[PDB]
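Q: Take a look at this one; I'll ask things after.
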Amino acid sequence: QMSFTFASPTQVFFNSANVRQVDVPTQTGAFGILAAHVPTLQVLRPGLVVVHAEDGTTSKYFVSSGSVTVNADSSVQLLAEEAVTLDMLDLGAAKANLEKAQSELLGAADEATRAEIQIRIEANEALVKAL
Amino acid sequence: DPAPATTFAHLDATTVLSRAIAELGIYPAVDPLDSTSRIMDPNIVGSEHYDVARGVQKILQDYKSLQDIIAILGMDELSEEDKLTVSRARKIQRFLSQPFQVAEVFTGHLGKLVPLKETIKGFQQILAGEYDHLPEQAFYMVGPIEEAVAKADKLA
Amino acid sequence: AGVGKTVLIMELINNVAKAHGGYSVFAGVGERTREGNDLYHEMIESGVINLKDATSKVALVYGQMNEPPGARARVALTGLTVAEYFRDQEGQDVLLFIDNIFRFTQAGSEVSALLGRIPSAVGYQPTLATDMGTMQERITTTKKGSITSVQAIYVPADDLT
Amino acid sequence: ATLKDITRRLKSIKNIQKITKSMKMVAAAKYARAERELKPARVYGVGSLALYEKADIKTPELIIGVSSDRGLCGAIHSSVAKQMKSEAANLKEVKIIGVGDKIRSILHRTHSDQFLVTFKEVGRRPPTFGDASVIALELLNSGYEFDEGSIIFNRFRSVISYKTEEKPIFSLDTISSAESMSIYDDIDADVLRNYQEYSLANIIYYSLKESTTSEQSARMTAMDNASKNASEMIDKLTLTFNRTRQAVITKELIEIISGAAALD
Amino acid sequence: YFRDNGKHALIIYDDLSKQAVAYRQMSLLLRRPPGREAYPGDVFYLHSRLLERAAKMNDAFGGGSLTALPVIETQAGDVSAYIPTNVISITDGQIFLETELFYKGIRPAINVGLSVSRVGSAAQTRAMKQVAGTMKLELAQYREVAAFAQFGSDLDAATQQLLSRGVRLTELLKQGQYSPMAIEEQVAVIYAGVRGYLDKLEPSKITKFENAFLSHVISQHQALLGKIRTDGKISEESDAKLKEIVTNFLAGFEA
């Protein structure tokens, strides 16, 4: 088991819940968080939290960013800046956003500009993943 | 009241025993912003007296100004220097509290009488904030400042 | 009032009068004719005013504002006097409704004025007290009944001492 | 001070009193709001501390306190003001940061010189993560990092208590790189920093919220006492009132009687 | 004379205060002990004696009346004054006016809170009564919550409504100088507000509405107005009719 604390500022989704495993889009990339945990620190990327709750059921989220905190403990802490269930996101919009993102990039011309835009692209695209 | 009002003209030293103060328990119960003496002067009785007093008179005077705002507000969100000073003013107040040798029966307390110098000293010190790391009540019903000191120990 | 203060009063008048065989006096002190008029009708209305039998539980005395103060000044005493009748003679434990005795007081003060008297504080009639003492001391329980007072009182300027 | 004067008093005092209560409710309402809102936060922020909670850090070396923008609440300010300074002697790279300004307004005396930056608005606008990030962000860019950073905030506990609490902020990846902290991670002084980062925001958010929660109840409280205080005073005046009130009359009546016993 | 001629007359005593002065003066000149504030004792009595003569008779007199509007004018921030005291005890309620509202523009500017008709309903129309009970209520709480007029944002919506609503009602009790109305209209305009159609509207537009609306109903629902003038209550029919009118009108007005 792993006590998964999955929370965002806004809410706690899982709170030290004996979830078997959670698959996260750390900025490391993907990652399959299992029952006990490494002392490891991870950074969250825009991708999904799929919370394989020790019961077969798994909840989905897309998380933008934040941290997973990977304890020596079986306690796993997803502190997502925001991780939302995709439920509250909209595909149509996603497209529109991505379009914009892609539109913007083209005039993004300071590294930072590019980068942020790219965040949008990347992000928006990454919403499209599961939207 | 016209009667006293007139009277003042004839006075040279005014002793106002102040019931408010009395209510503060204090015996001495005077209020010297009231109790004034024509002959209280930087002149007649030294400026030290006057000044040490003026600071006091002042501080008190200010304090007097403050208690009312404080009455609502407390001094809580009101400047600490003031807090200090207020407390000091008060301490000075307390330090003025002085036992009655005659009325040891009445007071319990055993009279004190303090020659001038130790008087000066006292205020100057308290004024120096030197004393102030101390309890207010330490200053209560003292004799010379030492006695407050003594008392401070006895407290803490 | 109009809460049914007066009603409450009526109910009370009823209750004692009933329950003890007691009775009531209504002394309309500096009475507003208007209110007593209104009221009149209310008792009538309430039927506590019995008119077939005027065996209402109350004898009504009204001593309105419009009457000279000098007159108004006395009406309680009057009431008292009746009530003594009822008390002693009629054995009764009278309820004395005095309404508004403050207005009595006030009348006293007016009275004083005319009487040119040096009066009590704020100009209040001097003898307010002495008047009161003898009167208030008249109100009591004998051993033949009691004259129990219910006093409507208006606290002047809502000021009390 | 004729009745008039007094009325000036009275009038306004009612108002005050009233106000206090009104404002009280207002405050209390906010306070309530903070309380609820504190819930996820508690988790979240407790979360923030995760690592650290699972991991001691040190330095031979961002002292920062957290306050509200405004007073008219408890001794929140006083505490922090105090306790930052209370520290401040001890440490090398002495530099201080103040979030809120009821600390800027008290811790300013010579913190006019030892602040690094200071932050304005806190409450009167409920704290957010969003915000937390903001203040966090620029905070980074600055050559002050840890002198060992500490964060001083009001840990709410209950409406009866908060504790100005403090934690230390290891604003160095580096020793976190060092130590056994070396293998509390087993994965980069990069992302470290980007957590060091993130947790600074998380905590900031957190802190902010605690701070404000504490404050809001203190203000609420503050409004309580005052208005009672108000009440008694009114009462006292009211005597003074009538008395004098009559006094007038009396004096005047005097004047009448006398002047009517002594007209031309 | 009118009263006894069954008829109903209205006397405006504007004002006994000045009379009192004169009289006092008179008294004093009479070298008589006067009373409080140098004013006579019977200046009440005098007047009590006067004012009791303003009355509504029984039927025997044709039921007549003399309706009295005595005036005593606020003692520039006081009314504790003797004569007021008196009068207060005499009159059958009292209309406290305060300037401030006037100054706010809130005209009329009454200190309603203190204003009283010790009577009330006998002096009413059901039409009015039916709503007015409630109105009184709406003000009452509103006054209570007007307490916290500062804001209330930071508190509940209900009460925020009450404040808005209240403010709206204020507009309804507002009236210009040389602008008196008649009853149905009055209730009419109250109905809208009391049906809270205008909460969305802001006070400024209330007035605006009201006129327009008024003139509107005057035009169209003149039909209805004849009836209402008749009806003495508000009629179910009228309610709906009114409402429908209103809603539509409202819709136009707001539009």
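Naming scheme: A, B, ... for chains in displayed order of the structure tokens; residues 1 onward per chain; ligands 1 onward as shown.
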Please build the interface table for chain D against chain E with a cut-off of 8 Å, listing for each qualifying residue the nearest atom pair and the distance in Å to one decimal; count only C-alpha atoms, order rows by chain and increasing number, and write it as a Markdown table.

A:
| residue | atom | partner | partner_atom | distance |
| --- | --- | --- | --- | --- |
| D:18 | CA | E:147 | CA | 7.8 |
| D:19 | CA | E:148 | CA | 7.6 |
| D:22 | CA | E:148 | CA | 5.8 |
| D:25 | CA | E:155 | CA | 7.4 |
| D:26 | CA | E:154 | CA | 5.2 |
| D:27 | CA | E:154 | CA | 7.8 |
| D:29 | CA | E:155 | CA | 6.4 |
| D:30 | CA | E:154 | CA | 7.0 |
| D:249 | CA | E:37 | CA | 7.3 |
| D:252 | CA | E:37 | CA | 7.6 |
| D:253 | CA | E:37 | CA | 7.3 |
| D:256 | CA | E:38 | CA | 6.7 |

Q: Could you save the residues just selected, with C-alpha atoms, as a PDB file, in the first residue's frame?

A:
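Once everything was written out, this is out36.pdb:
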ATOM      1  CA  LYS D  18     -22.001  49.700  16.420  1.00  0.00           C
ATOM      2  CA  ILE D  19     -19.295  49.751  13.931  1.00  0.00           C
ATOM      3  CA  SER D  22     -20.689  45.416  12.478  1.00  0.00           C
ATOM      4  CA  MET D  25     -19.425  40.325  12.058  1.00  0.00           C
ATOM      5  CA  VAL D  26     -17.883  41.201   8.901  1.00  0.00           C
ATOM      6  CA  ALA D  27     -14.601  40.080  10.284  1.00  0.00           C
ATOM      7  CA  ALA D  29     -17.463  36.139   8.442  1.00  0.00           C
ATOM      8  CA  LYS D  30     -14.172  36.489   6.789  1.00  0.00           C
ATOM      9  CA  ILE D 249     -32.262  73.023  34.515  1.00  0.00           C
ATOM     10  CA  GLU D 252     -31.374  77.650  35.319  1.00  0.00           C
ATOM     11  CA  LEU D 253     -34.386  77.216  37.422  1.00  0.00           C
ATOM     12  CA  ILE D 256     -35.378  81.763  37.006  1.00  0.00           C
TER      13      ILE D 256
END

Q: Counting only C-alpha atoms, which residues from chain D have an atom at most 12 Å from any atom of chain B, and could you show them as a PyMOL selection string?

A: chain D and resi 9+13+16-17+20+70-79+81-82+102-103+105-107+109+219+222-234

Q: Can you write just those residues out, C-alpha atoms, as an mmCIF file, in the first residue's frame?

A:
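Saved file part.cif follows:
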data_model
loop_
_atom_site.group_PDB
_atom_site.id
_atom_site.type_symbol
_atom_site.label_atom_id
_atom_site.label_comp_id
_atom_site.auth_asym_id
_atom_site.auth_seq_id
_atom_site.Cartn_x
_atom_site.Cartn_y
_atom_site.Cartn_z
ATOM 1 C CA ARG D 9 -19.068 61.597 22.562
ATOM 2 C CA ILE D 13 -19.458 56.135 20.538
ATOM 3 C CA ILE D 16 -18.140 53.141 16.997
ATOM 4 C CA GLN D 17 -19.634 50.558 19.079
ATOM 5 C CA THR D 20 -17.297 47.501 15.987
ATOM 6 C CA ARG D 70 -2.988 45.870 8.077
ATOM 7 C CA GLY D 71 -3.315 46.031 11.790
ATOM 8 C CA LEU D 72 -6.550 46.419 13.669
ATOM 9 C CA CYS D 73 -6.148 42.777 14.560
ATOM 10 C CA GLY D 74 -4.073 41.082 17.206
ATOM 11 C CA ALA D 75 -0.476 41.073 18.186
ATOM 12 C CA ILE D 76 0.296 39.152 15.094
ATOM 13 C CA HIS D 77 2.463 41.920 14.028
ATOM 14 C CA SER D 78 3.953 42.419 17.302
ATOM 15 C CA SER D 79 4.959 38.855 17.433
ATOM 16 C CA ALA D 81 8.122 42.084 14.523
ATOM 17 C CA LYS D 82 9.515 40.892 17.715
ATOM 18 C CA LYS D 102 2.080 45.134 9.742
ATOM 19 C CA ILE D 103 5.624 44.261 10.317
ATOM 20 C CA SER D 105 5.074 49.189 9.986
ATOM 21 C CA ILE D 106 6.640 47.585 12.983
ATOM 22 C CA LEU D 107 10.007 46.249 12.027
ATOM 23 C CA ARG D 109 12.832 51.112 12.534
ATOM 24 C CA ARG D 219 -9.570 41.228 14.445
ATOM 25 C CA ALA D 222 -10.498 42.681 18.685
ATOM 26 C CA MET D 223 -13.838 43.956 17.697
ATOM 27 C CA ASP D 224 -15.439 42.069 20.388
ATOM 28 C CA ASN D 225 -13.628 43.576 23.333
ATOM 29 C CA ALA D 226 -13.728 47.048 22.076
ATOM 30 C CA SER D 227 -17.416 47.094 21.587
ATOM 31 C CA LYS D 228 -18.007 45.908 25.029
ATOM 32 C CA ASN D 229 -15.657 48.499 26.248
ATOM 33 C CA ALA D 230 -17.629 50.979 24.388
ATOM 34 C CA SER D 231 -20.726 49.792 26.074
ATOM 35 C CA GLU D 232 -19.630 50.472 29.594
ATOM 36 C CA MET D 233 -18.290 53.800 28.806
ATOM 37 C CA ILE D 234 -21.568 54.826 27.296
#

Q: How many Å separate CA of residue 16 (chain C) from CA of residue 35 (chain C)?

A: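 That distance, rounded to one decimal, is 23.5 Å.
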
Q: How many Å lie between CA of residue 251 (chain E) and CA of residue 177 (chain E), rounded to one decimal?

A: 29.0 Å

Q: List the neighbours of residue 169 (chain D) out to 12 Å using only C-alpha atoms; skip same-chain residues closer than 4 positions along the sequence, and give me the result as a ChimeraX atom specification.

A: /D:48-49,51-53,56-59,61-65,145-152,173,176,196-197,199-204

Q: Write down, as a count of residues only, each residue of chain E that has any atom within 12 Å of an atom of chain C, counting only C-alpha atoms.

A: 48
